[PDB]
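Accompanying notes for the structure given below.
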Amino acid sequence: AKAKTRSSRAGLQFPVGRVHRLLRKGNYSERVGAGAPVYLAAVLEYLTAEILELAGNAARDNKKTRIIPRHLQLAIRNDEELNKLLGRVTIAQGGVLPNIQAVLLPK
Amino acid sequence: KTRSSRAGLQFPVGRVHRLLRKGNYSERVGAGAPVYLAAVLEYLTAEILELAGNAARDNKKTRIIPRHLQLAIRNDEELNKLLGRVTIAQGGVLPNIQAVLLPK
Amino acid sequence: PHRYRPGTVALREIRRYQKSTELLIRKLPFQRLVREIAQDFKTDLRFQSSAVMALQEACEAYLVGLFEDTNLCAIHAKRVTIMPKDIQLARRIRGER
Amino acid sequence: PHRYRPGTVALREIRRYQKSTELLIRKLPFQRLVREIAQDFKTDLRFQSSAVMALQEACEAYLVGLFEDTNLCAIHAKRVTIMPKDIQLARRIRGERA
Amino acid sequence: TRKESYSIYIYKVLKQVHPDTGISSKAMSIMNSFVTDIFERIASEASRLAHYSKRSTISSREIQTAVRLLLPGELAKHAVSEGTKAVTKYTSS
Amino acid sequence: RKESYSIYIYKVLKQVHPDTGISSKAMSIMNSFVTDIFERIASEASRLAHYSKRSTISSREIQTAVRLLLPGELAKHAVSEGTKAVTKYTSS
Amino acid sequence: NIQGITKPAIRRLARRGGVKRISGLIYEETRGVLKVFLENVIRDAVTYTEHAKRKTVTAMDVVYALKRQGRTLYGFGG
Amino acid sequence: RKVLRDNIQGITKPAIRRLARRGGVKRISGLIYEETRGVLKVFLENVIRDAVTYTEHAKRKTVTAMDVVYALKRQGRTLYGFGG
DNA sequence: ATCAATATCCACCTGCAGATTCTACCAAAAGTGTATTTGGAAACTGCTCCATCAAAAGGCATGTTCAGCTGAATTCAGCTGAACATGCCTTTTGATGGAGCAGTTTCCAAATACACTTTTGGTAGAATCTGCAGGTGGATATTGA
DNA sequence: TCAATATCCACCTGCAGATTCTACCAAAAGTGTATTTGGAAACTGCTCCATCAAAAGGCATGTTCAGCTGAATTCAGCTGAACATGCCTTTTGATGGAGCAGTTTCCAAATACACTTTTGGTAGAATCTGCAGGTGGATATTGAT
Ligand SMILES: [Cl-]
Ligand SMILES: [Cl-]
Ligand SMILES: [Cl-]
Ligand SMILES: [Cl-]
Ligand SMILES: [Mn+2]
Ligand SMILES: [Mn+2]
Ligand SMILES: [Mn+2]
Ligand SMILES: [Mn+2]
Ligand SMILES: [Mn+2]
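These protein sequence lines map, in sequence, to chains A, B, C, D, E, F, G and H. Each residue of the first sequence is one higher than the one before, starting from 13 at the first, in UniProt numbering. Each residue of the second sequence is one higher than the one before, starting from 16 at the first, in UniProt numbering. Each residue of the third sequence is one higher than the one before, starting from 39 at the first, in UniProt numbering. Each residue of the fourth sequence is one higher than the one before, starting from 39 at the first, in UniProt numbering. Each residue of the fifth sequence is one higher than the one before, starting from 34 at the first, in UniProt numbering. Each residue of the sixth sequence is one higher than the one before, starting from 35 at the first, in UniProt numbering. Each residue of the seventh sequence is one higher than the one before, starting from 26 at the first, in UniProt numbering. Each residue of the eighth sequence is one higher than the one before, starting from 20 at the first, in UniProt numbering.
The following block contains the structure:
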């Protein structure tokens with residue numbers, strides 16, 4: 013019987029095995045169910061797809077083909093949900109969203 | 016002949032040890048860790064009670080209620096910092112009125 | 039006919055309420071509100087009495103605190119009257135917005 | 039001689055720095071401040087440059103955010119100039135004090 | 034001295050959404066920190082969720098309910114769909 | 035079922051104030067307090083061990099955790115009682 | 026139901042907060058903040074309820090929710 | 020080595036002005052510069068104190084980027100970009 | 001409404017610092033055959049969590065008056081921005097020496113595993129008790145005159 | 001200051017809701033053994049951190065100068081406090097019933113384990129290339145007339 017990676021059995025790109033190990037070695041609980049590493053690898057994969065999709069667009073917009081930190085920032089900060097999720101996270105080299113309070117502009 | 020009395024503590028050294036193992040904190044738990052942790056817990060407990068007791072006294076009370084625990088914490092910089100994100104149920108707040116809002 | 043000047047009874051109230059710890063929201067209306075909100079998440083729910091009490095405690099402590107910060111924002115703008123603009127600013131600096 | 043009015047270069051600079059992401063404090067001076075504070079904490083210490091860079095990124099991300107809030111307190115007081123009392127209110131409300 | 038990373042998978046997923054795009058290494062490590070971070074937040078909540086319900090085993094159900102707690106739907110609601118999906122596909126051996 | 039530090043707190047109460055009592059709510063508050071700090075210190079201790087790839091939480095991890103978690107003088111005294119209790123214990 | 030939370034009740038809270046003068050618009054602003062607060066807390070609580078397969082929100086379900094929001098409450102099981 | 024002193028002044032008026040700009044600030048009071056150095060020093064001391072604690076616990080003499088990342092996480096200011 | 005003065009853009013270029021691929025192991029997933037548990041599933045309680053009932057009691061909802069707070073409008077000392085001239089000291093490059101992480105091994109002191117043996121801690125009545133909640137009677141604190 | 005409201009504030013006082021005090025059984029806690037093994041100690045291979053040198057210019061310093069912003073004043077419209085009424089909704093106090101947490105009691109599905117092969121990844125060489133930095137007209141954007 014040929015080797016069938018669990019990632020493939022699950023239909024995922026992320027490493028189901030690895031995740032299954034990080035779980036048993038993380039002192040999170042006595043034992044870990046079989047589904048557990050699969051559901052987590054999926055969520056972790058859904059989310060990184062979500063930010064890369066927006067990061068890639070911020071890149072395209074700024075006329076670059078390679079995603080850099082600043083693109084991750086614009087992607088995260090311009091998205092209410094991703095922003096709330098990473099509300100207390102500082103992205104190195106990400107800078108800030110260009111934003112100037114109205115009262116400050118020439119009258 | 017309990018490890019607590021052996022370490023000179025009122026806190027359950029034995030239980031702290033069981034609670035450390037059953038807590039999924041680590042594969043193995045050192046012999047002294049529960050003694051230490053138990054000592055630290057007792058000390059902070061004595062600290063609060065000691066100040067809470069004083070708060071009751073001054074209120075002309077012999078029984079420490081929640082307000083007394085609140086007065087003891089919020090009036091001590093260290094304890095307040097430690098319990099900065101904690102609310103004591105039924106503890107109320109410190110009486111403090113901003114200068115500007117006073118008469119004349 | 040006797041009458042205290044505006045603000046004098048306000049100070050009297052501050053001292054009274056900063057001295058006690060009783061809940062300041064009427065227990066019944068609060069409970070009604072708590073279940074209304076909960077029904078929107080899961081229908082036909084039961085609530086331990088203490089569960090509703092824990093919620094009112096936290097809820098009132100949260101508001102009292104927010105009013106402290108709001109009052110500071112009002113004072114910062116040379117006022118003595120809290121305004122929504124004050125609650126909004128405090129909630130922003132707090133990270134709730 | 040041509041001369042921009044007070045406030046115009048300031049707005050130019052906001053647009054300019056909100057666009058970029060480079061560190062705004064100088065490297066060497068900051069590395070020193072780190073070594074000076076650390077040393078008056080524990081002697082014979084060493085740092086991976088990486089470690090000093092992580093501290094600079096965080097301090098700048100922090101000061102920049104503190105200034106966004108400071109600026110809101112200024113505006114709120116119907117002013118356009120930030121002052122110490124503004125930094126103090128933002129820190130008070132943020133819980134960095136009371 | 035070999036050290037594990039998520040880079041390989043992050044890159045694969047990158048090629049899927051934007052085949053034309055690349056990613057600087059700072060950006061990649063950032064992405065790495067993000068993955069290990071949410072993994073930590075999910076696992077931990079899973080860990081506690083298991084404790085409260087006197088269980089010594091973290092099932093896909095703990096992960097699910099944890100996901101519902103840490104993420105803001107929509108993000109939540111879509112993450113839960115993918116997890117359910119991946120699991121049943123898995124149980125189909 | 036349902037064990038608490040309730041009893042151990044009352045003993046401590048009697049050492050600092052033999053004279054003083056304590057309400058029901060006050061007692062549960064002190065109970066939540068003990069479990070909370072217990073959880074913060076233990077958790078920080080858990081990570082500290084994983085950073086050094088150790089499998090056991092020793093009193094060394096408990097102490098650093100304390101130093102990281104308790105502020106200023108509280109941490110100092112906490113640390114003193116700590117190593118002291120480990121001494122009057124390893125003595126027999 | 027939010028109107029159940031009455032003006033006098035809000036004045037009282039403000040007073041404990043140390044507020045002397047209250048603008049006429051603070052009452053409606055407060056009700057809104059209070060409902061967002063409750064929605065968030067209960068939503069998490071009820072999630073804890075469902076996980077435990079119950080039909081009853083317990084005080085511990087609330088206590089754990091509050092900790093998730095960073096609003097640790099003492100005196101109800103933690 | 021050489022004695023280290025007054026290095027907090029290595030945080031110049033122009034560097035603080037730049038930081039205020041990125042924070043979107045338009046006009047700065049003369050006193051902001053010293054309040055900022057004061058505020059920065061407290062911030063840095065706390066992060067370094069915790070970071071050096073993780074270092075000592077690891078029986079090292081070198082503060083690594085990870086020590087800093089962990090210190091920052093304790094303070095609730097998670098940093099992405101140095102985890103490796 | 002003009003325009004000089006300057007700053008902001010944007011496409012066009014080209015090596016090279018920083019990605020991407022190509023190769024090789026080798027640490028750890030996948031495959032299978034056993035030795036344990038666990039987490040659910042029924043069945044039953046005894047809890048406590050609704051539902052009513054139903055008076056009394058505050059506590060909330062109105063409408064009046066007007067005190068004094070918040071703005072709007074004006075001014076003006078001088079604080080803080082924009083520019084310039086100077087020349088310091090942070091940057092950049094390169095190259096070492098060796099401090100001190102990291103990677104391996106070695107193996108006892110220390111922690112985990114039973115299998116028991118006691119002792120202590122949680123329960124649910126029994127035996128007191130600290131303060132609440134009133135009740136005056138006495139100086140205060142406010143506020144009008 | 002004088003005087004007249006209302007407010008606070010001790011001193012005592014009498015029970016009722018909790019507390020503290022008792023009287024008992026299991027389930028942790030302490031034990032006596034018998035094993036596992038984690039990680040402190042002992043090297044030592046070698047990245048990396050602290051230093052040094054030198055040159056170059058990006059930028060921090062200081063000083064001038066005066067635009068226009070923050071701080072002071074004024075003044076009065078009207079919002080928000082103080083209050084006496086009038087009345088409705090919250091309290092609260094058992095009763096009874098019933099949904100249902102909490103406990104048990106099984107055990108079949110699901111995991112932990114112990115080995116044995118097979119890859120999927122990670123660590124560098126070997127290749128590739130976006131884009132960082134420079135230039136220059138094309139276009140605003142400002143600010144004086
Ligand atoms: Cl599972
Ligand atoms: Cl130990
Ligand atoms: Cl407003
Ligand atoms: Cl100021
Ligand atoms: Mn006993
Ligand atoms: Mn100079
Ligand atoms: Mn002005
Ligand atoms: Mn008038
Ligand atoms: Mn292969």
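Ideal Cβ placement from N, Cα and C applies to all residues, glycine included.
Looking at residue i and ligand 1, is the gap between the Cβ and the nearest heavy atom below 7 Å?
i, result
"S86 of chain E", "no"
"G95 of chain H", "no"
"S66 of chain F", "no"
Look at the alpha carbon of residue i and the alpha carbon of residue j, and state the distance between them as a whole number of angstroms.
i, j, result
"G106 of chain B", "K48 of chain F", "22 Å"
"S87 of chain C", "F72 of chain F", "28 Å"
"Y58 of chain B", "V61 of chain G", "39 Å"
"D82 of chain C", "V58 of chain G", "26 Å"
"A84 of chain G", "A70 of chain G", "9 Å"
"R50 of chain C", "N109 of chain C", "17 Å"
"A112 of chain C", "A87 of chain B", "29 Å"
"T77 of chain B", "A67 of chain B", "11 Å"
"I63 of chain F", "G103 of chain G", "7 Å"
"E75 of chain G", "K80 of chain C", "9 Å"
"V50 of chain F", "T72 of chain H", "33 Å"
"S77 of chain F", "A99 of chain F", "8 Å"
"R74 of chain E", "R117 of chain C", "43 Å"
"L64 of chain A", "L84 of chain A", "8 Å"
"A96 of chain D", "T97 of chain H", "9 Å"
Drop a sphere of 10 angstroms on the beta-carbon of residue i, count the other beta-carbons inside from all chains shown, and report buried for 16 or more, exposed for fewer.
i, result
"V47 of chain C", "exposed"
"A114 of chain A", "exposed"
"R94 of chain F", "buried"
"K80 of chain G", "exposed"
"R89 of chain B", "buried"
"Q25 of chain A", "buried"
"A71 of chain B", "buried"
Considering only heavy atoms of ligand 4, does any lie closer than 7 Å to the CB of residue i?
i, result
"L110 of chain C", "no"
Taking the alpha carbon of residue i as the reference point, which residue from the options has its own alpha carbon closest?
i, options, result
"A90 of chain G", "C:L93, C:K65, C:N109", "C:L93"
"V90 of chain C", "G:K45, G:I51, G:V66", "G:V66"
"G100 of chain G", "F:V113, F:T98, F:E95, F:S57", "F:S57"
"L116 of chain B", "G:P33, G:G42, G:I27, G:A34", "G:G42"
"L52 of chain A", "A:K75, A:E65, A:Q85, A:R18", "A:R18"
"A46 of chain B", "B:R100, B:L97, B:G29", "B:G29"
"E42 of chain B", "F:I91, F:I96, F:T124", "F:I91"
Measuring from the CB of residue i, is there a heavy atom of ligand 2 at a distance below 7 Å?
i, result
"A67 of chain A", "no"
"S80 of chain F", "no"
"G100 of chain H", "no"
"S125 of chain F", "no"
"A61 of chain B", "no"
"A48 of chain B", "yes"
Ligand 3 and residue i: does the residue's C-beta get closer than 7 Å to at least one heavy atom of that ligand?
i, result
"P122 of chain C", "yes"
"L50 of chain G", "yes"
Please identify, using Cβ separations under 7 Å, the residues of the region 87 to 104 of chain E that lie next to chain G, in order along the chain. Sequence-ordered contacts of the region 87 to 104 of chain E with chain G read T98, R101, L102 [C-beta pairs closer than 7 Å].
Note down, in chain order, all residues in the region 27 to 48 of chain G with a beta-carbon under 9 Å from any beta-carbon belonging to chain B. Answer set for the region 27 to 48 of chain G: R41, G42, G43, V44, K45, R46.
With 9 Å as the C-beta to C-beta threshold (strictly closer), list the residues of the region 67 to 99 of chain B near chain G in chain order. Result list: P81, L84, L98.
Near-chain F residues of the region 51 to 68 of chain B - C-beta to any C-beta below 8 Å: Taking 8 Å as the Cβ-Cβ cut-off against chain F, the residues of the region 51 to 68 of chain B that qualify are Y51, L52, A53, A54, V55, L56, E57, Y58, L59, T60, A61, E62, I63, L64, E65, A67, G68.
By the 8 Å beta-carbon criterion, what residues does the region 13 to 43 of chain A contribute toward chain B? Those residues of the region 13 to 43 of chain A that come within reach of chain B (Cβ to Cβ, closer than 8 Å) are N39, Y40, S41, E42.
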